[PDB]
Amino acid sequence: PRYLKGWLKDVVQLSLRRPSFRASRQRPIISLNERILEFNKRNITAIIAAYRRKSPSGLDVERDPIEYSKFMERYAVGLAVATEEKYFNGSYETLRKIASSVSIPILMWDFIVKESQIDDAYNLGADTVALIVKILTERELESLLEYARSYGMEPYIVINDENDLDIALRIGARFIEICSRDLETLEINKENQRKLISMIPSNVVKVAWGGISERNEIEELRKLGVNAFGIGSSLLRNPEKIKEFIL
């Protein structure tokens, strides 16, 4: 990984020592990026609903993950499941059970630093995996993107600033999350986010994430070329608010 500081260095050290999941996949690959594009052509708002328990950017919610996922299966374009265990209190077993319960695409939301974590996502049932530019060297980022594509997954490349974006385009990313939340400081900057969105060519599937809470800003981001919208704490507190974001 990169030279890191603070909690990011901590979580990366944990991910490097995380044991592998050694069972066999039991569901097909359901492409999240392909389904997003299907929603765009159908003029349906594409929203990625997240499940997590703890979070550095929010108090912990204790809700049934299976009741949650089944409800979101009716409205969401995909599900993000946080599996990091220290700062998010996530679990591989939680992802396994969600993947066994729903038939919509599932994104593994974690801090991927080694290949076996991509083995884990595949065997667990995840349809794609998040790769975070700011914690990986360019070479590591490219290897893991290429490794995940060997499974038939289209990886989900997370960017924060113009450095992350330039690198993402360099290593041939086609599925980008423009995150407004800086992971080092947890501060949100939507102006920088919209600046990065304007610089991403049209052939990339773009996901806006960070502090999204209103149908209004979803329509404004859509007019800038954003294909899908990730929403976490808002939907974790009130799942039925997704009906407002889509309708």
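Numbers for residues come from their place in the sequence shown, where the first is 1.
When the mean C-alpha temperature factors of 228-236 and 11-19 are read from the deposited coordinates, 11-19 comes out higher. Relative to its counterpart among 218-226 and 44-52, 218-226 has the higher mean temperature factor, C-alpha atoms as listed in the PDB entry. Per the deposited record, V61 carries the highest C-alpha B-factor of all listed residues (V61, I66, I178, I36). Residue-level inspection of the entry shows that, of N123, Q117, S150, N89, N89 has the top Cα B-factor. Compared with the other modelled residues of the chain, the Cα B-factor recorded for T94 ranks in the middle third. The PDB entry assigns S103 a C-alpha temperature factor belonging to the middle third of its chain's modelled residues. In the PDB entry, a CA B factor belonging to the lowest third of its chain's modelled residues is recorded for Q193. In the deposited entry, the Cα temperature factor of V207 sits in the bottom third of values across the chain's modelled residues. For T83, the recorded CA B-factor ranks within the lowest third of the chain. Only modelled residues enter the ranking.
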